[PDB]
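Reading the structure
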Amino acid sequence: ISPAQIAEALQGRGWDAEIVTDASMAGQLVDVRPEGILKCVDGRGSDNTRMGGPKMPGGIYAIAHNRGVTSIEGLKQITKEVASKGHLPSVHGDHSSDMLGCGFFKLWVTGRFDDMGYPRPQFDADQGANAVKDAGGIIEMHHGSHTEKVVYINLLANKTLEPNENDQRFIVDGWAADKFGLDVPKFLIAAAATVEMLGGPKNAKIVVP
Ligand SMILES: [Zn+2]
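Reading guide: rules and limits
Residues numbered from 1 in each chain as written, not as in the entry; some residues may be left out. Heavy atoms only, no water. Helix = DSSP H or I, 4+ residues; strand = E, 2+ residues; numbered from the N terminus. Rg over C-alpha atoms; globule rule 2.2 N^0.38 Å. Buried < 20%, exposed > 50% of the residue type's maximum accessible area, 1.4 Å probe, protein only. Contact = heavy atoms within 4.5 Å. Core = buried A, V, L, I, M, F, W, Y, C linked by side-chain atoms within 4.5 Å. Expected span 1.5 Å × (residues − 1). Donors = N, O, S within 2.8 Å, 3.2 Å for Na, K, Ca; no water. Salt bridge = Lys/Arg side-chain N within 4 Å of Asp/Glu carboxyl O. Arc of directions from axis to C-beta.

- As recorded in the PDB header, X-ray crystallography is the method behind this entry, and the stated resolution is 1.80 Å.

- For the protein, the PDB entry supplies the name Cadmium-specific carbonic anhydrase and the organism Thalassiosira weissflogii.
- This deposition appears in the PDB under the title "Carbonic anhydrase from marine diatom Thalassiosira weissflogii- zinc bound domain 2 (CDCA1-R2)".

Structure follows, in structure tokens:
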């Protein structure tokens with residue numbers, strides 16, 4: 001899927017979409033390091049000590065959700081997969097709703113993706129986090145409130161954008177979906193629906209190489 005195709009797809013959902021250069025984001029883009037956690041698109045600050053990891057809705061849940069994997073066993077299998085693929089697997093909560101502090105997982109466990117054909121997780125948020133941690137994953141915990149002003153869809157292979165709690169944004173590493181053999185158009189539609197359903201800004205900036 002091309003940058004123009006992504007923008008066209010988002011606009012079809014009523015979004016504003018702009019394609020931007022990687023140079024315009026110089027000073028913000030960082031190379032991905034395998035020690036970093038593959039974590040959520042959430043724009044808030046947190047207790048993460050493993051920067052440089054890719055961003056996907058709900059952390060590793062984006063992979064389970066895209067593949068329709070709903071069992072705890074399937075979840076542990078994806079955790080190990082991610083860990084064997086050069087990234088530390090993670091899922092998260094926050095200090096306002098504990099494990100329901102991840103907007104993506106909450107939407108998923110409450111069935112907001114029902115109409116898009118997704119099956120529901122066969123576990124609750126605490127059970128999911130225990131399984132990921134048991135499979136060797138990292139449980140992140142965010143702090144503060146959501147103030148994301150824009151969504152960045154980064155297409156630069158092996159690069160990512162980091163959270164800025166004082167000038168928040170949602171970050172989606174579109175190229176990381178490819179890496180995991182996901183249905184990318186499907187993965188991006190789900191990321192857009194997540195922002196939409198969380199009442200976030202339907203304004204995307206697509207970063208291209
Ligand atoms: Zn989240």
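**Thoughts on the overall build of the protein**
- Per the secondary structure count, the protein includes seven helices and nine strands.
- The C-alpha radius of gyration computed for the protein amounts to 15 Å, which stays within 12% of the reference 17 Å derived for 209 residues, consistent with globular compactness.
- Once the C-alpha set of the protein is aligned to its principal axes, its extents read approximately 40 × 35 × 35 Å.
- Classification of the 209 residues of the protein by burial places 51% in the buried group.
- Once local pairs closer than 6 in sequence are excluded, the contacts in the protein between residues at least 24 apart make up 68%.

**Remarks on the nonpolar core**
- Core analysis: the largest hydrophobic core is formed by 49 residues, its most contacted members being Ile60, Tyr61, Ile63, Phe113, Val151, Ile153 and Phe187.
- Sorting elements by how many residues they give to this core places helix α7 (residues 184-197) first, with eight residues.
- When neighbours within four sequence positions are excluded, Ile63 is seen to be in contact with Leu38, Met56, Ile78, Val82, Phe180 and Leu182.
- The next biggest cluster of nonpolar side chains, apart from the first, holds eight residues, and it includes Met25, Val150, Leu161 and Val207.

**Focus on α7**
- Taking 1.5 Å per residue, 14 residues should reach 20 Å; α7 reaches 20 Å between its end C-alpha atoms and fits that length.
- Looking at α7, one finds that the buried residues are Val184, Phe187, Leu188, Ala190, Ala191, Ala192, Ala193, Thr194 and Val195.
- A positive phi of about 75° marks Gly199, the residue just after α7.

**Details of the coordination of the zinc ion**
- Surrounding the zinc ion are the protein donor atoms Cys40 (SG), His92 (NE2) and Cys102 (SG), which sit 2.2 to 2.3 Å from the metal.
- Counting along the primary sequence, the residues that act as donors to the zinc ion give the motif C-x51-H-x9-C. Of the two residues, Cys40 is situated in the loop between β3 (37-38) and α2 (61-67) and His92 in strand β4 (residues 88-94); the sequence distance between them amounts to 52 residues.
- Taking the relative accessible area as the measure of exposure, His92 reaches 2% and is therefore buried.

**Describing the pattern of salt bridges**
- Tallied over the entire structure, the rule returns eleven salt bridges.
- Measuring nitrogen to oxygen at the nearest pair gives 2.6 Å for the salt bridge that ties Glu81 to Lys85.
- The exposure class of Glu81 is buried, given its relative accessible area of 17%.
- Put simply, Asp42, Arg44 and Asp94 are held in one network by salt bridges that share partners.

**Looking at unusual backbone geometry**
- Here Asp98, not a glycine, exhibits a phi torsion of approximately 55°, which is positive.
- Turning to its location among the elements, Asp98 is positioned in the loop between β4 and α4 (103-109).
- Here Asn158, not a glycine, exhibits a phi torsion of approximately 60°, which is positive.
- Residue placement: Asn158 occurs in the loop between β6 (151-154) and β7 (159-161).

**Notes on helix α1 (residues 3-11)**
- The complete set of buried residues in α1 reads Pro3, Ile6, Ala7 and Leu10. Projected down its long axis, α1 carries its buried residues within an arc of 95°, all on one side.
- Where the residues of α1 are buried, they touch β1 (16-21), β6, α7 and β9 (203-208).

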